[PDB]
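**Q** Enclosed is the structure file data-v8.cif (mmCIF, C-alpha atoms).
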```cif
data_data
#
loop_
_atom_site.label_atom_id
_atom_site.label_comp_id
_atom_site.auth_asym_id
_atom_site.auth_seq_id
_atom_site.Cartn_x
_atom_site.Cartn_y
_atom_site.Cartn_z
CA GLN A 1 35.61 -0.17 -107.66
CA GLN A 2 39.26 -1.18 -107.83
CA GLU A 3 38.02 -4.77 -107.72
CA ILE A 4 36.40 -4.10 -111.11
CA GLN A 5 39.65 -3.12 -112.81
CA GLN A 6 41.65 -5.82 -111.02
CA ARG A 7 39.15 -8.48 -112.14
CA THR A 8 39.24 -7.03 -115.65
CA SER A 9 43.05 -7.21 -115.60
CA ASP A 10 43.29 -10.85 -114.51
CA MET A 11 40.47 -11.93 -116.82
CA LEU A 12 42.19 -10.03 -119.63
CA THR A 13 45.48 -11.84 -119.01
CA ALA A 14 43.64 -15.17 -118.99
CA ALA A 15 41.71 -14.22 -122.14
CA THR A 16 44.84 -13.12 -124.03
CA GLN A 17 46.38 -16.46 -123.12
CA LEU A 18 43.16 -18.14 -124.27
CA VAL A 19 43.08 -16.45 -127.67
CA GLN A 20 46.74 -17.15 -128.36
CA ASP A 21 45.85 -20.73 -127.44
CA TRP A 22 42.95 -20.62 -129.91
CA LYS A 23 45.16 -19.20 -132.65
CA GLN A 24 47.82 -21.85 -133.14
CA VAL A 25 47.17 -25.15 -134.93
CA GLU A 26 50.00 -27.59 -135.57
CA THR A 27 50.56 -29.39 -138.85
CA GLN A 28 50.11 -33.04 -139.75
CA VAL A 29 52.54 -35.92 -140.19
CA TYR A 30 53.03 -38.37 -143.05
CA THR A 31 54.62 -41.75 -142.37
CA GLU A 32 55.41 -44.69 -144.64
CA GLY A 33 57.61 -47.77 -144.60
CA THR A 34 58.23 -50.64 -147.01
CA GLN B 1 38.84 -10.87 -90.99
CA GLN B 2 42.63 -10.64 -91.04
CA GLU B 3 43.50 -14.35 -90.88
CA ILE B 4 41.47 -15.23 -93.99
CA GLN B 5 43.83 -14.14 -96.77
CA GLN B 6 47.02 -15.66 -95.36
CA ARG B 7 45.03 -18.85 -94.91
CA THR B 8 44.29 -18.69 -98.64
CA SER B 9 47.93 -17.89 -99.43
CA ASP B 10 49.44 -21.36 -99.00
CA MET B 11 46.24 -23.03 -100.22
CA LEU B 12 46.30 -21.19 -103.55
CA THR B 13 49.89 -22.32 -104.05
CA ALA B 14 48.83 -25.84 -103.08
CA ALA B 15 46.16 -25.79 -105.77
CA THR B 16 48.72 -24.28 -108.13
CA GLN B 17 50.93 -27.18 -107.12
CA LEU B 18 47.98 -29.45 -107.84
CA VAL B 19 46.87 -27.86 -111.12
CA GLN B 20 49.88 -28.89 -113.22
CA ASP B 21 50.03 -32.49 -112.02
CA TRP B 22 47.38 -33.56 -114.54
CA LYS B 23 48.80 -31.54 -117.44
CA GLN B 24 51.80 -33.75 -118.16
CA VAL B 25 51.18 -37.20 -119.65
CA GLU B 26 53.91 -39.73 -120.40
CA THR B 27 53.74 -41.30 -123.84
CA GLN B 28 54.04 -44.97 -124.80
CA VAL B 29 57.17 -47.09 -124.98
CA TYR B 30 57.85 -49.92 -127.38
CA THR B 31 60.24 -52.86 -127.56
CA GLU B 32 60.96 -55.55 -130.14
CA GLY B 33 62.84 -58.84 -130.19
CA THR B 34 63.97 -61.77 -132.29
CA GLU C 1 35.44 -23.86 -90.16
CA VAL C 2 33.09 -21.49 -92.00
CA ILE C 3 36.12 -19.24 -92.52
CA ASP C 4 37.80 -22.23 -94.17
CA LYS C 5 34.72 -22.86 -96.34
CA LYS C 6 34.48 -19.27 -97.58
CA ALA C 7 38.26 -19.42 -98.06
CA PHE C 8 37.71 -22.39 -100.40
CA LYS C 9 35.08 -20.33 -102.23
CA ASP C 10 37.27 -17.26 -102.73
CA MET C 11 40.37 -19.28 -103.65
CA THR C 12 38.30 -21.12 -106.26
CA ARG C 13 37.19 -17.75 -107.63
CA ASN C 14 40.79 -16.52 -107.60
CA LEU C 15 42.09 -19.63 -109.39
CA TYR C 16 39.43 -19.41 -112.09
CA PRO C 17 38.21 -15.89 -112.93
CA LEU C 18 36.30 -17.27 -115.94
CA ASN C 19 32.91 -18.86 -116.12
CA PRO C 20 32.52 -21.55 -118.82
CA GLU C 21 29.61 -19.52 -120.21
CA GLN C 22 31.97 -16.55 -120.50
CA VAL C 23 34.52 -18.86 -122.17
CA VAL C 24 31.99 -19.98 -124.78
CA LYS C 25 30.81 -16.40 -125.39
CA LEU C 26 34.33 -15.03 -125.87
CA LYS C 27 35.12 -17.97 -128.15
CA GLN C 28 32.12 -16.96 -130.26
CA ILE C 29 33.41 -13.38 -130.18
CA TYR C 30 36.78 -14.62 -131.44
CA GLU C 31 35.11 -16.59 -134.24
CA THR C 32 33.05 -13.57 -135.34
CA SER C 33 36.14 -11.34 -135.24
CA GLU C 34 38.07 -13.88 -137.32
CA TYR C 35 35.14 -13.98 -139.75
CA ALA C 36 35.27 -10.18 -140.02
CA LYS C 37 39.03 -10.35 -140.57
CA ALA C 38 38.62 -12.96 -143.31
CA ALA C 39 35.64 -11.14 -144.84
CA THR C 40 36.05 -10.00 -148.44
CA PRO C 41 34.19 -6.76 -149.26
CA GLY C 42 32.14 -6.48 -152.43
CA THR C 43 31.11 -9.09 -154.94
CA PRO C 44 33.75 -11.79 -155.46
CA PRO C 45 34.65 -12.78 -159.02
CA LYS C 46 33.30 -15.99 -160.54
CA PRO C 47 35.85 -18.69 -161.42
CA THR C 48 35.55 -19.57 -165.10
CA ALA C 49 37.65 -20.67 -168.04
CA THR C 50 38.19 -18.57 -171.16
CA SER C 51 39.00 -19.83 -174.65
CA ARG D 1 10.77 -30.05 -161.06
CA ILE D 2 14.38 -28.94 -160.48
CA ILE D 3 15.66 -28.30 -156.94
CA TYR D 4 19.00 -26.63 -156.21
CA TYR D 5 21.17 -27.28 -153.16
CA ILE D 6 23.72 -24.68 -152.06
CA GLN D 7 27.09 -26.44 -152.23
CA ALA D 8 29.45 -23.67 -151.07
CA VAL D 9 28.02 -20.99 -148.79
CA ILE D 10 30.11 -17.84 -149.29
CA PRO D 11 29.63 -14.11 -148.81
CA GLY D 12 28.66 -12.55 -152.12
CA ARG D 13 28.54 -15.64 -154.34
CA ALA D 14 26.90 -19.06 -154.07
CA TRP D 15 27.75 -22.46 -155.57
CA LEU D 16 24.86 -24.81 -156.23
CA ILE D 17 24.17 -28.30 -157.50
CA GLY D 18 20.75 -29.30 -158.81
CA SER D 19 18.44 -32.22 -158.24
CA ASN D 20 19.65 -33.28 -161.69
CA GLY D 21 23.22 -32.67 -160.55
CA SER D 22 23.69 -29.53 -162.66
CA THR D 23 26.35 -27.26 -161.16
CA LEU D 24 26.29 -23.47 -161.18
CA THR D 25 27.31 -20.40 -159.23
CA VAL D 26 25.57 -17.05 -158.75
CA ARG D 27 25.98 -13.64 -157.15
CA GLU D 28 23.52 -11.51 -155.18
CA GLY D 29 21.53 -9.80 -157.91
CA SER D 30 21.20 -12.15 -160.88
CA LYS D 31 18.92 -14.65 -162.62
CA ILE D 32 18.31 -18.33 -161.88
CA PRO D 33 16.49 -20.79 -164.17
CA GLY D 34 13.62 -22.43 -162.35
CA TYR D 35 13.25 -19.48 -159.97
CA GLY D 36 13.63 -16.34 -162.10
CA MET D 37 15.72 -13.66 -160.39
CA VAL D 38 17.56 -13.69 -157.05
CA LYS D 39 16.32 -11.60 -154.11
CA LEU D 40 18.62 -12.23 -151.13
CA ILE D 41 21.72 -14.33 -150.47
CA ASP D 42 23.26 -14.43 -147.00
CA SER D 43 25.79 -16.72 -145.34
CA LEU D 44 23.59 -16.60 -142.22
CA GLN D 45 21.91 -20.02 -141.87
CA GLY D 46 22.34 -20.92 -145.57
CA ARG D 47 19.23 -19.23 -147.00
CA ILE D 48 18.82 -18.16 -150.62
CA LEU D 49 15.80 -15.93 -151.26
CA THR D 50 14.63 -16.43 -154.84
CA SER D 51 12.43 -14.10 -156.88
CA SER D 52 9.57 -16.51 -156.17
CA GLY D 53 9.99 -15.72 -152.46
CA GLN D 54 11.31 -19.22 -151.78
CA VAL D 55 14.18 -20.28 -149.54
CA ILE D 56 16.71 -22.43 -151.36
CA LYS D 57 18.67 -24.53 -148.87
CA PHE D 58 21.19 -27.33 -149.33
CA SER D 59 20.37 -31.04 -149.26
CA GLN D 60 18.48 -32.19 -146.18
CA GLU D 61 20.65 -35.21 -145.42
CA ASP D 62 23.91 -33.42 -146.28
CA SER D 63 24.02 -31.74 -142.89
CA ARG E 1 11.54 -51.56 -136.37
CA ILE E 2 15.15 -50.60 -135.60
CA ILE E 3 16.43 -49.91 -132.08
CA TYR E 4 19.06 -47.18 -132.16
CA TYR E 5 21.97 -46.81 -129.75
CA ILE E 6 24.30 -43.90 -129.09
CA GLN E 7 27.89 -44.23 -130.33
CA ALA E 8 29.50 -40.81 -129.83
CA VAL E 9 28.04 -38.15 -127.54
CA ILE E 10 29.41 -34.65 -128.22
CA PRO E 11 27.93 -31.17 -128.49
CA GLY E 12 26.75 -30.36 -132.00
CA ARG E 13 26.80 -33.76 -133.70
CA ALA E 14 25.88 -37.26 -132.62
CA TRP E 15 26.76 -40.76 -133.82
CA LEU E 16 24.29 -43.63 -133.74
CA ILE E 17 24.06 -47.26 -134.75
CA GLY E 18 20.93 -49.30 -135.31
CA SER E 19 19.90 -52.71 -134.10
CA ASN E 20 21.08 -54.14 -137.44
CA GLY E 21 24.41 -52.29 -137.37
CA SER E 22 23.18 -49.32 -139.43
CA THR E 23 25.75 -46.61 -138.68
CA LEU E 24 24.75 -42.96 -139.02
CA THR E 25 25.43 -39.49 -137.69
CA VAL E 26 22.92 -36.72 -136.98
CA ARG E 27 22.77 -33.00 -136.29
CA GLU E 28 20.43 -31.34 -133.79
CA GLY E 29 17.47 -31.08 -136.15
CA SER E 30 16.91 -34.08 -138.41
CA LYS E 31 14.45 -36.89 -139.07
CA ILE E 32 15.04 -40.49 -137.99
CA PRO E 33 12.94 -43.58 -138.79
CA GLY E 34 10.70 -44.93 -136.05
CA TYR E 35 11.04 -41.97 -133.67
CA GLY E 36 10.02 -38.81 -135.54
CA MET E 37 12.62 -36.06 -135.55
CA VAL E 38 15.32 -35.24 -133.03
CA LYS E 39 14.25 -32.21 -130.99
CA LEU E 40 16.83 -32.27 -128.18
CA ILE E 41 20.42 -33.45 -127.85
CA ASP E 42 21.79 -33.52 -124.30
CA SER E 43 25.58 -33.79 -124.20
CA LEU E 44 25.33 -34.42 -120.46
CA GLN E 45 24.51 -38.01 -119.37
CA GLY E 46 24.04 -39.29 -122.96
CA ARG E 47 20.29 -39.25 -123.65
CA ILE E 48 18.50 -38.21 -126.84
CA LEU E 49 14.86 -37.11 -126.75
CA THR E 50 12.92 -37.35 -130.01
CA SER E 51 9.79 -35.56 -131.22
CA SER E 52 7.79 -38.70 -130.35
CA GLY E 53 8.91 -38.47 -126.73
CA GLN E 54 11.19 -41.46 -127.20
CA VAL E 55 14.66 -41.90 -125.74
CA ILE E 56 17.84 -42.98 -127.49
CA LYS E 57 20.50 -44.19 -125.06
CA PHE E 58 23.41 -46.62 -125.05
CA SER E 59 23.24 -50.38 -124.65
CA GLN E 60 22.39 -51.73 -121.21
CA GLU E 61 25.64 -53.69 -120.94
CA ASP E 62 27.55 -51.24 -123.15
CA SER E 63 26.45 -48.11 -121.31
CA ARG F 1 22.56 -6.48 -184.48
CA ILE F 2 26.06 -7.08 -183.09
CA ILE F 3 26.06 -7.76 -179.35
CA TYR F 4 28.97 -6.28 -177.42
CA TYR F 5 30.11 -7.31 -173.95
CA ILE F 6 32.85 -6.26 -171.54
CA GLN F 7 35.95 -8.35 -170.95
CA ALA F 8 37.79 -5.65 -168.97
CA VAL F 9 36.82 -2.36 -167.30
CA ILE F 10 39.37 0.31 -166.37
CA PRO F 11 39.42 4.05 -165.88
CA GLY F 12 40.57 5.77 -169.04
CA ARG F 13 39.43 3.23 -171.64
CA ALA F 14 36.96 0.39 -172.03
CA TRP F 15 37.32 -3.09 -173.50
CA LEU F 16 34.47 -4.51 -175.58
CA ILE F 17 34.10 -7.86 -177.32
CA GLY F 18 31.42 -8.48 -179.92
CA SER F 19 29.22 -11.54 -180.14
CA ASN F 20 30.95 -12.59 -183.37
CA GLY F 21 34.45 -12.58 -181.85
CA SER F 22 35.51 -9.03 -182.78
CA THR F 23 36.95 -6.99 -179.90
CA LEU F 24 38.22 -3.45 -179.46
CA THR F 25 38.97 -0.70 -176.95
CA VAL F 26 37.25 2.67 -176.68
CA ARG F 27 37.81 6.08 -175.09
CA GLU F 28 35.46 8.89 -174.06
CA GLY F 29 35.42 10.68 -177.40
CA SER F 30 34.58 7.99 -179.96
CA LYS F 31 31.75 6.23 -181.79
CA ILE F 32 30.35 2.71 -181.86
CA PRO F 33 27.88 1.38 -184.46
CA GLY F 34 24.56 0.33 -182.98
CA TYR F 35 25.07 2.42 -179.84
CA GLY F 36 26.29 5.74 -181.22
CA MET F 37 28.75 8.04 -179.45
CA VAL F 38 30.06 7.30 -175.97
CA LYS F 39 28.61 10.18 -173.95
CA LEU F 40 30.16 9.09 -170.65
CA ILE F 41 32.30 6.32 -169.17
CA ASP F 42 31.60 4.81 -165.74
CA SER F 43 34.68 3.07 -164.34
CA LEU F 44 32.56 1.87 -161.42
CA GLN F 45 30.42 -1.29 -161.83
CA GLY F 46 31.56 -1.92 -165.43
CA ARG F 47 28.96 0.26 -167.15
CA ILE F 48 29.46 2.14 -170.43
CA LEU F 49 26.91 4.77 -171.47
CA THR F 50 26.35 5.76 -175.09
CA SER F 51 24.36 8.36 -177.03
CA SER F 52 21.43 6.03 -177.75
CA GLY F 53 20.66 5.66 -174.03
CA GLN F 54 22.33 2.25 -174.05
CA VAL F 55 24.69 0.77 -171.47
CA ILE F 56 27.19 -1.95 -172.33
CA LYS F 57 28.11 -4.06 -169.31
CA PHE F 58 29.43 -7.57 -168.72
CA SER F 59 27.64 -10.67 -169.94
CA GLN F 60 24.98 -12.36 -167.86
CA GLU F 61 27.16 -15.46 -168.01
CA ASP F 62 30.36 -13.45 -167.43
CA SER F 63 29.18 -12.34 -164.01
CA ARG G 1 22.57 -70.55 -110.10
CA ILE G 2 25.82 -68.59 -110.37
CA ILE G 3 27.63 -67.13 -107.34
CA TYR G 4 29.85 -64.09 -107.84
CA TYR G 5 32.58 -62.31 -105.95
CA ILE G 6 34.15 -58.90 -106.25
CA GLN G 7 37.57 -59.09 -107.90
CA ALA G 8 38.91 -55.56 -108.47
CA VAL G 9 37.38 -52.41 -107.01
CA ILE G 10 38.05 -48.91 -108.29
CA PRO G 11 35.89 -45.85 -107.61
CA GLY G 12 33.28 -45.71 -110.35
CA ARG G 13 33.70 -49.17 -111.89
CA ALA G 14 33.43 -52.62 -110.35
CA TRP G 15 34.65 -56.05 -111.42
CA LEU G 16 32.87 -59.30 -110.59
CA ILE G 17 33.82 -62.93 -111.17
CA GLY G 18 31.61 -66.00 -111.07
CA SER G 19 32.81 -69.58 -110.87
CA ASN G 20 31.31 -70.27 -114.32
CA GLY G 21 33.79 -67.97 -116.08
CA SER G 22 31.43 -64.98 -115.94
CA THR G 23 33.80 -62.09 -115.17
CA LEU G 24 32.63 -58.60 -116.10
CA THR G 25 32.64 -54.96 -115.06
CA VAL G 26 29.57 -53.12 -113.80
CA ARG G 27 28.45 -49.59 -112.99
CA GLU G 28 26.23 -48.25 -110.21
CA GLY G 29 23.20 -48.54 -112.45
CA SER G 30 23.74 -52.04 -113.80
CA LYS G 31 21.53 -55.08 -114.40
CA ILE G 32 23.05 -58.09 -112.65
CA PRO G 33 21.01 -61.18 -113.65
CA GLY G 34 19.72 -63.23 -110.76
CA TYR G 35 20.31 -60.26 -108.45
CA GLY G 36 18.76 -57.19 -110.07
CA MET G 37 20.38 -53.77 -109.75
CA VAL G 38 23.27 -52.34 -107.76
CA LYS G 39 22.16 -49.75 -105.22
CA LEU G 40 25.50 -48.74 -103.68
CA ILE G 41 29.18 -49.13 -104.56
CA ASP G 42 31.81 -48.44 -101.89
CA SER G 43 35.47 -48.30 -102.89
CA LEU G 44 36.55 -49.51 -99.43
CA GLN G 45 35.78 -52.53 -97.21
CA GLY G 46 34.50 -54.62 -100.15
CA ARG G 47 30.68 -54.60 -100.05
CA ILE G 48 28.50 -54.26 -103.14
CA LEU G 49 24.83 -53.78 -102.37
CA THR G 50 22.02 -55.09 -104.57
CA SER G 51 18.54 -53.63 -105.06
CA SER G 52 17.26 -57.07 -104.01
CA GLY G 53 19.26 -56.72 -100.79
CA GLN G 54 22.09 -59.11 -101.64
CA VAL G 55 25.64 -58.20 -100.64
CA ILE G 56 28.34 -59.05 -103.16
CA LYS G 57 31.61 -59.64 -101.33
CA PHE G 58 35.15 -60.81 -102.02
CA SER G 59 36.32 -64.33 -101.35
CA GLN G 60 37.31 -64.45 -97.69
CA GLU G 61 40.28 -66.76 -98.30
CA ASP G 62 41.25 -65.17 -101.61
CA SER G 63 41.71 -61.99 -99.61
#
```
Render the structure in this file as structure tokens.

**A**
Amino acid sequence: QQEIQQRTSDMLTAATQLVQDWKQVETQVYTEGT
Amino acid sequence: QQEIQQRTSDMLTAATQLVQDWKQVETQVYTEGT
Amino acid sequence: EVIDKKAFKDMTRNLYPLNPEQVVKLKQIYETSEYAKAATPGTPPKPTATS
Amino acid sequence: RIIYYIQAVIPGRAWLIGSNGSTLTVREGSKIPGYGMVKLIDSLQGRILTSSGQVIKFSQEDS
Amino acid sequence: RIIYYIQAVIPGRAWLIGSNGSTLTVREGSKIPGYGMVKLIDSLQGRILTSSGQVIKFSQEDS
Amino acid sequence: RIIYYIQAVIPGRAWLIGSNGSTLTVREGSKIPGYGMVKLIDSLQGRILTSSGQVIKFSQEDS
Amino acid sequence: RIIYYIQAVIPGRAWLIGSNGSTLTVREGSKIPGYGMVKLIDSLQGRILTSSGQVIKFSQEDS
């Protein structure tokens, strides 16, 4: 059942990457010219 | 039985080579004149 | 050739350890956890003006 | 009669506009004109349980 | 009546226009004229099945 | 008679405002006309007990 | 009637040109007037097959 913990480890790495991808949101821009 | 994993070794890298080729996207360019 | 086919299967599983259903479920888990984090216990005050 | 639409679903409180456009805000255990008291307010699915046993929702087309 | 086409197909919401150019957006459960209410939104392949058993799709040329 | 309501609730004292615009603060050992002597003070939930079995809390509007 | 040719072929989408200025793009399920429906699109060797059995082909000298 080492496959269980190895699968949990790789899925956990992918999921931690996924939630730090979910977390960040960039700002806007504002542009004018006259 | 023993040839399977080393067969998947180069192939997984080849997909990993393939997986980032769609991630990058070049932006526009613009030119003016008079 | 069947060795190559099952190799394609296991390398696909090794590239992506996540099902899209699992992705959606964990995203819902993240949203509920964020809701719990942003939850305010008790009755909130009412905004009003005083004169 | 007068029908209220929940305008800001929040845990604890609730902001409402009326069919007349009258604005108000309530808490969990309180009184509401046109329905008497308040029985249950939850952020789940936007349901307000009035003392008349009715389910105040928001506007139908404002979805 | 009014023939409705699909404008934006996404999970959750949907965008529609009429035969006359009447732009609108719907949720999963809402009422539309001429077709009853929307009972199913399929994000795959872009078809909408109404409560009357009627299908909203794109234009034939603009599919 | 004069209607009192709470503008602030703390441990230690209590803050009451009358319906006419007259406000004051009270402690455990004291008196109030129309309610009697403050037998106990509840810092929780903004409730003030008196000798006449009467509880001064916040207004229905100030809620 | 109007005679067409294939002009530009990509997988998925097809482009056809008639001599009467009728140049459009079509899908696999597409209503071609005077011909009917497309039953098969091949990205190579330049044959577009109609549900009426016609074969849309490139110009052999514009080739």

**Q** Taking all atoms listed in the file into account and nothing else, which residues of chain C lie no more than 9 Å away from chain B? Please answer as a PyMOL selection string.

**A** chain C and resi 3-4+6-8+10-12+14-15

**Q** Write out as a compact mmCIF listing (two decimals) with C-alpha atoms, keeping the file's coordinate frame the residues lying within 10 Å of residue D:62, counting only C-alpha atoms and excluding same-chain residues fewer than 2 positions away.

**A**
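After the write, out-v5.txt holds the following:
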```txt
# COMPACT_ATOMS: atom_id res chain seq x y z
CA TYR D 5 21.17 -27.28 -153.16
CA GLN D 7 27.09 -26.44 -152.23
CA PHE D 58 21.19 -27.33 -149.33
CA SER D 59 20.37 -31.04 -149.26
CA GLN D 60 18.48 -32.19 -146.18
CA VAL E 26 22.92 -36.72 -136.98
```

**Q** Show me, as number ranges by chain, the residues of chain E whose atoms get within 10 Å of chain D, using all atoms listed in the file for the distance check.

**A** E: 13, 25-31

**Q** Taking every C-alpha atom in sequence order, what RMSD separates chain F from chain D after the best least-squares fit?

**A**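 Per the least-squares fit, the RMSD is 0.9 Å.
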
**Q** For the file shown, report as a list in words the outcome of the PyMOL selection byres ((chain E and resi 3) around 9) at residue level.

**A**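 The output of the PyMOL selection byres ((chain E and resi 3) around 9) on this file is residues 1, 2, 4, 5, 17, 18, 19, 20, 34 and 56 of chain E.
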